[PDB]
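Heads up: the structure comes next, in C-alpha cells.
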Amino acid sequence: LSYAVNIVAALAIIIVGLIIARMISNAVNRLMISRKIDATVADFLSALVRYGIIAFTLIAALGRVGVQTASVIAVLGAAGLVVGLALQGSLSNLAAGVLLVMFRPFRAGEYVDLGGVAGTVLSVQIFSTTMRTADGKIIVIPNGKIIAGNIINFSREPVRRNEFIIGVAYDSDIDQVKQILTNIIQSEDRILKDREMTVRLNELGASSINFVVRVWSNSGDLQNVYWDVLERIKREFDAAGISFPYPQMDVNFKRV
Amino acid sequence: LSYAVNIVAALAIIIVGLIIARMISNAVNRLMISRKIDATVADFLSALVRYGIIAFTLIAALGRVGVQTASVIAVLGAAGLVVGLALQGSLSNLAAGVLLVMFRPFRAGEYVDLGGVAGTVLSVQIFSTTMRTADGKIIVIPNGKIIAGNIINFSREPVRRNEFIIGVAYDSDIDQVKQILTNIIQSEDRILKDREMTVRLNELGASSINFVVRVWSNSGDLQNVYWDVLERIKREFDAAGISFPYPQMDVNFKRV
Amino acid sequence: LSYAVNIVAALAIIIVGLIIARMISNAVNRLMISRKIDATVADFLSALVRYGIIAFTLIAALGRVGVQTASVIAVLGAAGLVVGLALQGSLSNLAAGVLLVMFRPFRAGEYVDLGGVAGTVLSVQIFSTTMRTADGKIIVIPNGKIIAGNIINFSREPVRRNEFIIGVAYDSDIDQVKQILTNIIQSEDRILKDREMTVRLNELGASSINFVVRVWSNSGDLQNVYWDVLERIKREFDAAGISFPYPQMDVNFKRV
Amino acid sequence: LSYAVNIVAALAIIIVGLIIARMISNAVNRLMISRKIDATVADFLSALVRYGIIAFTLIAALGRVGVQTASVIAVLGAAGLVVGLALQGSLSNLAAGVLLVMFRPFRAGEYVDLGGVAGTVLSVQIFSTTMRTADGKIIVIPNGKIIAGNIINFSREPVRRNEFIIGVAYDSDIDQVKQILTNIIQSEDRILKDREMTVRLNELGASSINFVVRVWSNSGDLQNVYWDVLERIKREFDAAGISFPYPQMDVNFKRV
Amino acid sequence: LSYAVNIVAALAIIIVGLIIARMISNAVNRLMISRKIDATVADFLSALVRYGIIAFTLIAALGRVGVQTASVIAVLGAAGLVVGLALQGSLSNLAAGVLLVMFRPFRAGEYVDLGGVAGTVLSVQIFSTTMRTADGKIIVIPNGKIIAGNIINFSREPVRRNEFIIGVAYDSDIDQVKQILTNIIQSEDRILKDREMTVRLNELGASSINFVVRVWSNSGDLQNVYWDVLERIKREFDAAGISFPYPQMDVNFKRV
Amino acid sequence: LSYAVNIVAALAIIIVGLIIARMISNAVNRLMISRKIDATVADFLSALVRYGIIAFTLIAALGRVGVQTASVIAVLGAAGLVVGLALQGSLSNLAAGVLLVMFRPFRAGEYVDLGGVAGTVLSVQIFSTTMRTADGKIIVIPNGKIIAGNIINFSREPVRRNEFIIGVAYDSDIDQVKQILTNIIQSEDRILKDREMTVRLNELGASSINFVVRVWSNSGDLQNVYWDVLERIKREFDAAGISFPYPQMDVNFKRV
Amino acid sequence: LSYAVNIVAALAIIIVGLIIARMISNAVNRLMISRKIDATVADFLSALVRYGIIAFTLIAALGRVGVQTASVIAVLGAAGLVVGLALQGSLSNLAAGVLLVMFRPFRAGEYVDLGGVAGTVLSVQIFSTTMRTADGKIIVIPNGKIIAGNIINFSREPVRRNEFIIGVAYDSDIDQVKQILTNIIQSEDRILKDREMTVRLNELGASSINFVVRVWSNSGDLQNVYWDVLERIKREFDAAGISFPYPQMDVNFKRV
C-alpha cells in the first residue's frame, strides 16, 4: 500500500496551505489598513485571498489522492454557490453599511426619514441601522434598503423654515392682516431677518381667505418658534378684531 | 466477465466514501461548536462538506464503472440545481432565522410591527416566526420577509411617550387651558418629570383650537397613563367651564 | 455491416439501464420511508435518482452509437431546462405543499386569512389549498403564494378578545357609564374574569364620548358574547337614561 | 474532389435522422397515451424526444462535413435560447392550461373571480381562458396569470348564504324587530332551516340601529331569496310601524 | 508568404458560406409558407438557420487564419448576447404580435379594454397595437404588455345588458314602481324579451328606495336603449306621481 | 534572450490588428448606411465587429507571449461583463431611442401622455426624451421607460371630441333642455355636423338632472369650442329660465 | 529542493506584472483624457486593463508553482463574482453619475422633482445626488434611482405659466368678470403679452361659476406675479360688487 503515502501528502498540503493562506491574508490587510482604505473593506478583500488560497490548496491536496481536479472546481463551485445564496442579503447589507459610515449621508444623532419611517439615528451596524422614533419606538432598518432609497435628513442643514397657513374671514382688511403678521415676525428675535420673510395672501379659499407666512430660523428654534408665533397670531388677531372663520354655508330656504 | 469486478469496487468506494464523509463532517462541526460559531451555521457548513465528499465519492465510484466523470459533474449539477430551486425560499428563511436569533432585533415577548402586522412575539423558528395579535389571532410570518423589512419594536426601549390632542372652543382662555393641562400632568406621578413635558397651542383648527400635550412615562404605564390623564382632562375641563366643541357651522339664511 | 451490432448493444444498455434505474430508485425511497423523512420528499428525492440513472444510461447507450458524449449532456441539458421552466411554478407550489402539511401553521378546519382572503381551510393539496368563505364561496390559493405571505390563524389560539366601542353623549356621567358596562360584563359568565377586563373612557370624540370595553372569552363564545353584550348595553343604557348621540352640529344663524 | 462525397453523406444522415427521430417520437407518445398520462403532456414530452433526436442528427451530419461538433452544440444552443425567450410566456401559459383542465378548480359554466375580474367560464384553451361577464363583455385571461393568482369559485359549492343588513330607528322595539325578521325567514321555504339562521342586533350605528340577518339557501335561490326577503322586510316593517331612518342630525341653534 | 494564401481561402469560405446560407434559408421558409405555418414565424425560424449557418462559416473561415475556434464561439457568443439584450423587449413584443393576430382575442374594429385603457382597435403591428379612444386620442400599447394582461372585449359578444338603478322615495308604492318600469321595458322593442328582464327592489338606501332594472338588447342598441328607457322612466314617474328624492335629513332642533 | 522577440511580435499583431479592425468596421457601416438600415443600428452593429476583431487580435497577440488563450477569453469575458452591467440601462434606452424615431408613435411637436406625465414633445435623444408641460416645466423621460409603457397621443388624430355634462333642476322641461343645447351646437360652425352629435338625458343625479352633450371638432378648435359652447349654455339657459341647481337637501324639522 | 526556485520566479512575475500593469493602465487613461472622453470613464476603463493584466500575471505566476491554470480562472472568477455582487448598486449609481453630469438634464442650482421629492440641486456625486427642499431639509437620492425615473426640471425653461382658478357667484355678470380679470392682467407688466392670455368661463360648478385665467411670465416673476394678481382680483372684485360665494345649499323644509 505504497499509494497510501499520498493520503499523508494530502494532509501536509492542507496544513501548509491553511497556514500559508492565513499568513498571506493577514499580511495583505496589514498593508491595506496601513494605507487607509477602511477596516471592513480590508477584512473582506483579505478574506477572499484567504479562502482563495485554501481553494487552491484543496484542489492540489485532493488532487494527489486522485480527485480529478475539474471535479473540485465543480464541487467547491456548488458549495460556494449554496453559501452565496444563503448569505447575499447579508453581503448586500454589509456593503451598504460601509457606504453609510464612509459617506455619512446621515450621522448618529441626526433625525432622518428613511423611506416612510423617520427617527433619530442611533447606530449603523454590519447589516442594519437603528433609529428611535420621536415617541420611543425603536426601528431596525436593513442597510441595504436604506442605501437604495431616498435619505431625507432633517438635521444636517443648520437653518430651516416654518410655514404658517392662517385663514381669516373674507371681510377682513387685507392690509391689516399683513401688518399684524409682519409685526409679529419682525419682533421675534429667533426668526432670521436676513433670509426669506414672506407674508402674503395665498389662497381664496372655501370659507376663508388664506394667508401664508414663511420665516427661517436656526434648526433648534424651529419648533418653539412655530408654537410661539402661533399663540401670538391667535392672540393679536382676536384683540385686533380679525376673525378665524368657522366653516360657512349660504342656505336658501324653501317652505314646501 | 472479469470486468464485472469494477461493479463490486464501485460499491466499496461508495460505502467507504459515505462513512469517510459522515465522519469528517461530524468531526468538523464538533470543531465549530467547540469554538462558538452557532449551532445552525455549524450544521449547515458541516452538511456541505458531507454532501461534497459523497459527491467526490460518487464521481470516482461511478468512474470505475465507466461513467465518463464529466457526465457525473453534469447530472449531479442538474440534480443539485433542481433541489436548489425547490428549497431556496427555505434556505433564505433559514438564514433569516439565524440572523434574527443572533441579533435579537426583537426577542420573544416583545411587541413588534413586522411590516403591517403587529403582535407579541412568541418564537422564531427555522423558517417562520409566530406572534400573537393583541386580540388573540396568531400570525405566522416567514423569517425571510421579516429580515428584509423594517422591524418596529415597541418594547426594547424602557421609557415611551403619549401624545394627547385636545380640542377646545375658540373663545376659551389660552392661559387657562395650558394651566389645567399642566397641573394635571404635574400631579400624575407616573409621568417622568425629568423628560419632555410639552403643553402647547398647536393648531388653529376647523371648529376647535387644538392643544398638544406630550409626556413621557415608563413603557408599562404608558397605556394606563393615557386613559387616566384623559378622564382627568375631560372632568377638570367641564368643572372649570372649558368647552369641547361640537362641529361648527355659520349658516347664512336666505328666504327665496 | 458489423458496425450495426452497436445498435443492438445500444438497446441492451437502455433496457438494462431503465431496469437498474427503476430498482435502485424504488430501493432508495423504500429506505427513506422506513426512516421517517416524508412520503413526498421521498418520492421526489427518489425520482431524481431514477431520472439521473437513466441519464447516465442514455449517455453510454447513445455513446456506443457514436453520439459524442458531450452532445448528450448538452441536448439533455436543454431538454431538462425546457421542462424545468414549464414546471417550476409547480415545483415551488409542490414544496410549499410539503411545508404546510409538515408544519401545520394552519390545519384543515381552522379559519385563516391567507393574504387578503380568509375562509375555513378544507384541504391542502399538491399545488393548491382550498378554503370556504364564511358565505359559501370556494377559494383556491396556490401553495407557493401562501407560504411566502403572512398566515393569520383565527382558530389555533383557544381564547380570544372582543373590543366594544360605545359612544355616549358628552353630558353623560362618566362614572355611571363605567359602572353599567362593568356590571354587564361582570355578570356575563362567558367572559373570562381572570383575564383583561378593560372598561375605560378612550376618546374625546367628534360628537360623542367614546368608551372602550375589552373582554376575553373562549374562541367559540366570542361571536355570541359580542352580540349578547351589545343588545345588553343598548337596553341598559336606554333604561338608565344614557344617550347614544346622533351626529351633532352647532349652527350659528345669520339673517342676511 | 473525393472529399465532396461527405456532402452526400451529410444529407443521408439528415434524412435518415429526421425519419428515425419522427418515428421514435411518434412511438413514444403512442406509449404515453396508452398508459393515461395526458394528451398535451404527451405531445410535449414527445416533441422533446423528436427535437432532441434531430439535434443529435444535426451534430453528426454536420460533423461529417467538418463542423467541429462543439460548435454545433453552441450554435443550436443559441438558436434554442432565442426561441426559448420568444416563446416562454406561451410555455408558461401552456402549462397552466393543462393544470386548469386537469384539476378543474373551475369548470366551464361556473361563475368565478380570477383576480379582480369575474364572469362565467366558457372555455380554457392552450394559452388563455374565456369568460363572459354577467352583462355580456368577454374577457380573455392568460392561463399563466390565472394559475398563480387566487381562484374564487362562486358555483362549486351547492348551498350559499345571503346577509342582510337592515337599519331601523333607535326608538324601535328590539324584540319586535327580531320577531318580524325571524318570522319572515321562518316562512320563506327557500331558506334552509337546518343551517345558520342569525337575526341579531349587530351595530349601534350613526343614525340607525343595525340588525344583521344571515340565512342559507340553495345556490340557485340565493339571488331571488335576497330580493324577495327584502321587499318583504320593507313591507312588513312599514305596516308594523318600524321606521327605516333618514340620516339624523341634532342641530343646536345660535342667534348671533 | 505562402501562408498568406489562407487569407484568400478565408474569403472564399465566407462568400460561399453567405450564399449557401442565404439559399438554404430562403428554401426553408419557402417550405414553411407552403404548408401554412404563419408568415412571421417562418421568417423568424428561417432567419435563425440563416444566422446559424453563417455562424458556422465564420468559425471555419476564421479558423483557417488560426483563430482558435473556441474563441469564435466566445466572441460571437458575446456579440449575440449584447444584441440579445438590446432587442428582447422587441422579441417579446414581436411574439405577442403573432399570438394576437393568430388568436384574434380582439380584431381590428372591436372596442376593448387593454388594462386600464380602452378604445376601438385599429391595427396590431410588429411590436405595438393602436387604438382610438371614444373621444379621439390615439393610444399605442406594446404587444407584450397586452398579451400578459387581461383582454376585455366589449364587441365580440352580439347581445349585451344595461342595468338601471332608479331611486324613489320611501313612501312610494312598491307595486306601482315595479309595474311602470315593467311596462316601460315590456313595450320597448329593442329589449330582447326572451332573455333576463329583472325589475326589483334592490336596496333600502340612504334616502331612497333603490330599484334595479336589468334588460338585454343587441350590442348596437345598448347605448340608445339606455338613454331612451331613462328619459322614459323620468317622464312616466313624474306623470304618475312617483318622486325621485333629494337627499334627506331629519334635523332635531335645540334652542340653547 | 531570443524569446524576447515575441514581445515585439505581440505589438506588431496589435497595431496591425487595431488597424485591420478599424478599417473593416468602417467599411461595413459604409455598406449598411448605403443600403438604408439606420445610422445608429449601423454604428452599433458595426462597433461590434470592431470590438470583436480586436478581441481576436488580443487573444493571438497575448498568445505569442504565452498567455494561455483560454485565460484571455476569461479575463475579457469578465471585463465585458463588468462594462455590460455598468452600461445596460443605457443600451436599453439606446434601443428604445431607435424604435421611437423609426416608428414615430409620437413625433416632435405632438402633445402626449407618457405614463402619468404629459407634455409637448421636443426631441428624442440617445437615452432620453424631452417634453414641455403646458405650463413650462421640462420633463426628461428615459427612452426605455417610454417604450414599455402606453403612449397616449393627443395630436396624431385630426378630429377630436368634447363632452359637456350639464346639470339642470329636476322640474326643468326635458324637451326644452334638449332643444336649446341642440340649437347651440347646431349653430356652432366649428362642430363637425357629419359626425356624432349626442344631446341626451344621461343621469338622474343627486340634486340635478344631468344632460350629456358630445360633439366633434377639428383638433385645433376643440379647446375654444368647449369654452365658447359653455359660456353659451350658461347664457341661454339663464335667459330661457332653466336653473343650474345648487346642492339640495330636504330637512325634516323636530322641536325637542 | 531545486524545485523551490519556482517560488522565487513566482514572486518575480508578480512584481514585474504589478508594475507592467500599473504603467500600461496609467499610460492608457493618459491617452483617453488627452482625447476628451470623461475623467471617470477613463479611470474606470483604465482600471479594467489594470486588474486584467494582474489577472494574467496571477495565472502565469501561480502556474509556475503548479496551480493548474484552469483553477485560477475559477477561483478568481468566484472572487470577482463575490465583489461584483457586493458592489453593483454602486457600479450602477457610478454610471448614472456620469450620465447626469455629462447630460445635465438638471444642473446644480435648478429646482427639480426627482420622483416624488423636489428640491434645489446642490451637487451630483459618485453614487448620490444632494438637493435642498424649499424649507431646508436635505435629501440624498441615489444616482441610479434618478436616471431611471422621470426628471421634472422647473428651472431650465426661461418663461413659465400661472393658472388662476377664480370662482364667482352664478348671478355675476359673465362679461364683467372677464373684463376685470382681463384688465388686471393687461396692466401687470410682468405678464408676457406676446404669449397666451386666457381669461374664460371654464366650469359650471357646485356652488360657483369658475373662471380660468392663464398668463405667462419670466420664471423669476412667476411666484410674485401669482400673489400680486390674486390680491388684486380679490380687491377689484369686492369694490366692483362681484361675490366669491360660500358653499351653497337649497334646503326644503318639512314640519313633521
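Ligands are numbered from 1 in the order shown, chains are lettered A, B, ... in the order of the C-alpha cells, and residues start at 1 in each chain.
Residues in contact with residue E:94 at up to 10 Å, not including ones fewer than 2 positions away on its chain and judged by only C-alpha atoms, are residues 86 of chain D; 40, 41, 44, 88, 89, 90, 91, 92, 96, 97, 98, 99, 125, 126, 127, 128, 142, 143 and 144 of chain E.
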How about saving the chosen residues, C-alpha atoms kept, as a JSON list (two decimals), in the first residue's frame?
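Wrote out15.json, looks like this:
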[["chain", "number", "residue", "atom", "x", "y", "z"],
["D", 86, "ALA", "CA", -39.68, 34.35, -27.71],
["E", 40, "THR", "CA", -43.79, 35.82, -39.38],
["E", 41, "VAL", "CA", -42.90, 32.56, -37.59],
["E", 44, "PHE", "CA", -38.10, 34.20, -37.79],
["E", 88, "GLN", "CA", -35.50, 41.37, -26.32],
["E", 89, "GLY", "CA", -38.34, 43.80, -25.43],
["E", 90, "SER", "CA", -38.81, 43.78, -29.17],
["E", 91, "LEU", "CA", -38.55, 39.99, -29.48],
["E", 92, "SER", "CA", -41.15, 39.68, -26.73],
["E", 96, "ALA", "CA", -47.16, 38.80, -28.73],
["E", 97, "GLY", "CA", -47.88, 40.29, -32.13],
["E", 98, "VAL", "CA", -48.16, 36.91, -33.74],
["E", 99, "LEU", "CA", -50.28, 35.46, -30.96],
["E", 125, "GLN", "CA", -48.32, 45.76, -35.69],
["E", 126, "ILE", "CA", -44.88, 44.14, -35.18],
["E", 127, "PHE", "CA", -44.35, 45.46, -31.62],
["E", 128, "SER", "CA", -47.30, 47.73, -30.81],
["E", 142, "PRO", "CA", -46.87, 47.38, -26.60],
["E", 143, "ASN", "CA", -47.94, 43.92, -27.86],
["E", 144, "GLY", "CA", -46.07, 42.38, -24.94]]
With only C-alpha atoms as the counted atoms, please give the residues lying no more than 8 Å from stretch 151-164 of chain B, apart from itself and same-chain residues fewer than 4 positions off, as a list in words.
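Everything that qualifies: residues 135, 136, 137, 138, 139, 140 and 141 of chain A; 105, 106, 110, 111, 112, 113, 114, 115, 146, 147, 212, 213, 214, 215, 216, 217, 218, 219, 222 and 226 of chain B.
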Residues of chain D were defined as contacting chain B if any atom lay at most 10 Å from it, counting only C-alpha atoms; please report them as a count of residues only.
4
Residue F:23 surroundings by only C-alpha atoms, 12 Å radius, close-in-sequence under 4 positions cut, as an MDAnalysis selection string:
chainID F and resid 16:19 27:30 46:47 49:50 53:54
Keeping only C-alpha atoms, write those residues as a short mmCIF file (atom, residue, chain, number, x, y, z; two decimals), in the first residue's frame.
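Writing the result to out.cif gives the following:
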data_model
loop_
_atom_site.label_atom_id
_atom_site.label_comp_id
_atom_site.auth_asym_id
_atom_site.auth_seq_id
_atom_site.Cartn_x
_atom_site.Cartn_y
_atom_site.Cartn_z
CA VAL F 16 -1.92 45.60 -37.48
CA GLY F 17 -4.98 44.17 -35.68
CA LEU F 18 -6.23 47.55 -34.45
CA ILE F 19 -5.88 48.96 -37.99
CA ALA F 27 -16.04 49.51 -44.40
CA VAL F 28 -19.02 47.57 -43.03
CA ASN F 29 -21.18 50.53 -41.87
CA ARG F 30 -20.22 52.27 -45.10
CA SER F 46 -20.53 47.91 -36.81
CA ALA F 47 -18.88 48.68 -33.49
CA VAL F 49 -17.36 43.81 -35.46
CA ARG F 50 -14.76 46.39 -34.47
CA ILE F 53 -11.87 41.77 -34.29
CA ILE F 54 -9.64 43.45 -31.70
#
DSSP on the backbone: what in stretch 114-210 of chain A comes out strand (DSSP E or B), as a VMD selection string?
chain A and resid 118 to 124 128 to 132 138 to 142 151 to 153 159 to 168 191 197 to 204 209 to 210
Can I get the selected residues back with N, CA and C atoms, as a compact mmCIF listing (two decimals), in the first residue's frame?
# COMPACT_ATOMS: atom_id res chain seq x y z
N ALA A 118 -39.30 57.58 10.09
CA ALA A 118 -38.37 58.62 10.48
C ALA A 118 -38.10 58.58 11.98
N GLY A 119 -36.85 58.77 12.34
CA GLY A 119 -36.44 58.74 13.73
C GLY A 119 -35.04 59.28 13.87
N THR A 120 -34.57 59.37 15.11
CA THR A 120 -33.23 59.85 15.38
C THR A 120 -32.31 58.65 15.28
N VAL A 121 -31.26 58.77 14.47
CA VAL A 121 -30.35 57.65 14.24
C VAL A 121 -29.54 57.37 15.49
N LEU A 122 -29.34 56.10 15.80
CA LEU A 122 -28.55 55.72 16.95
C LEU A 122 -27.21 55.18 16.50
N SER A 123 -27.24 54.18 15.62
CA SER A 123 -26.04 53.43 15.25
C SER A 123 -26.25 52.59 13.99
N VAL A 124 -25.30 52.70 13.07
CA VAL A 124 -25.28 51.90 11.84
C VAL A 124 -24.37 50.70 12.06
N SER A 128 -27.66 46.34 9.62
CA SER A 128 -28.89 47.02 9.99
C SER A 128 -28.63 48.31 10.81
N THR A 129 -29.48 49.31 10.59
CA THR A 129 -29.40 50.59 11.26
C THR A 129 -30.55 50.76 12.24
N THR A 130 -30.25 51.41 13.35
CA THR A 130 -31.19 51.55 14.44
C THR A 130 -31.51 53.03 14.62
N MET A 131 -32.79 53.37 14.64
CA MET A 131 -33.24 54.73 14.95
C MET A 131 -34.31 54.69 16.04
N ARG A 132 -34.55 55.83 16.67
CA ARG A 132 -35.56 55.92 17.71
C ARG A 132 -36.59 56.96 17.33
N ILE A 138 -38.41 51.78 18.73
CA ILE A 138 -37.15 51.53 18.03
C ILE A 138 -37.42 50.87 16.70
N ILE A 139 -36.77 51.36 15.65
CA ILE A 139 -36.90 50.76 14.34
C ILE A 139 -35.55 50.25 13.89
N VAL A 140 -35.56 49.05 13.32
CA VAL A 140 -34.36 48.45 12.77
C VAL A 140 -34.54 48.28 11.26
N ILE A 141 -33.78 49.06 10.49
CA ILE A 141 -33.87 49.08 9.04
C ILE A 141 -32.65 48.43 8.41
N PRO A 142 -32.86 47.57 7.40
CA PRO A 142 -31.69 46.93 6.79
C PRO A 142 -30.83 47.93 5.99
N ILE A 151 -32.72 59.35 1.14
CA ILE A 151 -32.40 59.68 2.53
C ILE A 151 -32.75 61.14 2.78
N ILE A 152 -33.80 61.36 3.56
CA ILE A 152 -34.21 62.70 3.98
C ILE A 152 -33.57 62.98 5.33
N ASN A 153 -32.76 64.03 5.40
CA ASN A 153 -32.02 64.36 6.61
C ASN A 153 -32.49 65.71 7.13
N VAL A 159 -30.02 75.79 9.29
CA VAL A 159 -31.10 76.76 9.33
C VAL A 159 -32.27 76.24 8.51
N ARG A 160 -33.47 76.27 9.08
CA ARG A 160 -34.66 75.70 8.44
C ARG A 160 -35.87 76.62 8.52
N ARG A 161 -36.99 76.23 7.92
CA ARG A 161 -38.06 77.17 7.62
C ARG A 161 -39.47 76.69 7.96
N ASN A 162 -40.15 77.40 8.86
CA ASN A 162 -41.56 77.20 9.16
C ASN A 162 -42.43 77.84 8.09
N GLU A 163 -43.61 77.27 7.89
CA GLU A 163 -44.64 77.84 7.04
C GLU A 163 -45.94 77.81 7.82
N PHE A 164 -46.49 78.98 8.10
CA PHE A 164 -47.81 79.05 8.68
C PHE A 164 -48.83 79.25 7.58
N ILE A 165 -49.97 78.59 7.70
CA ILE A 165 -51.11 78.97 6.90
C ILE A 165 -52.25 79.38 7.82
N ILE A 166 -52.59 80.67 7.77
CA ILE A 166 -53.62 81.26 8.62
C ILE A 166 -54.79 81.66 7.74
N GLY A 167 -55.99 81.24 8.15
CA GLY A 167 -57.20 81.58 7.43
C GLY A 167 -57.99 82.61 8.19
N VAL A 168 -58.38 83.69 7.53
CA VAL A 168 -59.22 84.72 8.15
C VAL A 168 -60.48 84.94 7.31
N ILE A 191 -36.35 84.49 14.56
CA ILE A 191 -36.54 84.50 13.10
C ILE A 191 -35.38 85.24 12.44
N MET A 197 -38.78 86.29 4.30
CA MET A 197 -39.81 86.69 5.27
C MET A 197 -41.11 87.00 4.52
N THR A 198 -41.74 85.94 4.03
CA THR A 198 -42.93 86.06 3.19
C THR A 198 -44.18 86.07 4.03
N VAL A 199 -44.91 87.19 3.98
CA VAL A 199 -46.28 87.26 4.47
C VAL A 199 -47.13 87.66 3.28
N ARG A 200 -48.07 86.81 2.87
CA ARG A 200 -48.88 87.10 1.69
C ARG A 200 -50.21 86.37 1.60
N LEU A 201 -51.17 87.03 0.93
CA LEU A 201 -52.46 86.42 0.61
C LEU A 201 -52.22 85.37 -0.44
N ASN A 202 -52.54 84.12 -0.11
CA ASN A 202 -52.09 82.97 -0.89
C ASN A 202 -53.20 82.21 -1.57
N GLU A 203 -54.34 82.06 -0.89
CA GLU A 203 -55.46 81.28 -1.42
C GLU A 203 -56.81 81.90 -1.10
N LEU A 204 -57.60 82.15 -2.14
CA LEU A 204 -59.02 82.46 -1.98
C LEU A 204 -59.70 81.13 -1.76
N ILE A 209 -60.18 83.37 3.67
CA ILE A 209 -59.05 83.90 2.95
C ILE A 209 -57.84 83.31 3.65
N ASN A 210 -56.92 82.74 2.89
CA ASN A 210 -55.79 82.05 3.48
C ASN A 210 -54.51 82.82 3.25
So which residues of stretch 141-251 of chain E fall under alpha helix (DSSP H) by DSSP, listed as a ChimeraX atom specification?
/E:143-147,174-187,222-240
Could the residues in this selection be saved with C-alpha atoms as a CSV table (one decimal), in the first residue's frame?
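Okay, again28.csv is ready:
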chain,number,residue,atom,x,y,z
E,143,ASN,CA,-47.9,43.9,-27.9
E,144,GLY,CA,-46.1,42.4,-24.9
E,145,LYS,CA,-48.0,44.3,-22.3
E,146,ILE,CA,-51.3,43.4,-24.0
E,147,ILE,CA,-50.8,39.7,-24.1
E,174,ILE,CA,-93.6,49.3,-4.3
E,175,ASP,CA,-96.1,47.5,-6.6
E,176,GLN,CA,-96.7,50.7,-8.6
E,177,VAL,CA,-92.9,51.3,-9.3
E,178,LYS,CA,-92.5,47.7,-10.5
E,179,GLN,CA,-95.5,48.0,-12.8
E,180,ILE,CA,-94.4,51.2,-14.5
E,181,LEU,CA,-90.8,50.1,-15.0
E,182,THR,CA,-92.1,46.6,-16.2
E,183,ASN,CA,-94.5,48.3,-18.6
E,184,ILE,CA,-91.7,50.6,-20.0
E,185,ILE,CA,-89.4,47.7,-20.8
E,186,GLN,CA,-92.2,45.5,-22.0
E,187,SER,CA,-93.1,48.0,-24.7
E,222,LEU,CA,-77.4,49.0,-25.9
E,223,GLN,CA,-76.5,52.7,-25.7
E,224,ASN,CA,-79.6,54.2,-27.2
E,225,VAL,CA,-81.9,51.8,-25.3
E,226,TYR,CA,-80.4,53.0,-22.1
E,227,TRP,CA,-80.9,56.7,-22.8
E,228,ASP,CA,-84.4,56.2,-24.2
E,229,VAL,CA,-85.6,54.0,-21.3
E,230,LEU,CA,-84.2,56.6,-18.9
E,231,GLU,CA,-85.9,59.6,-20.4
E,232,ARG,CA,-89.0,57.4,-20.2
E,233,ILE,CA,-88.7,56.4,-16.5
E,234,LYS,CA,-88.3,60.0,-15.6
E,235,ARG,CA,-91.3,61.2,-17.6
E,236,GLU,CA,-93.7,58.4,-16.6
E,237,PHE,CA,-92.6,58.5,-12.9
E,238,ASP,CA,-93.3,62.3,-12.8
E,239,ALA,CA,-96.7,62.0,-14.6
E,240,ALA,CA,-97.6,59.0,-12.3
Point-to-point distance in Å for atom CA of residue B:65 and atom CA of residue B:7:
6.3 Å
Using only C-alpha atoms, find the one residue out of F:60, F:148, F:11, F:31 that sits nearest to residue F:93.
F:148
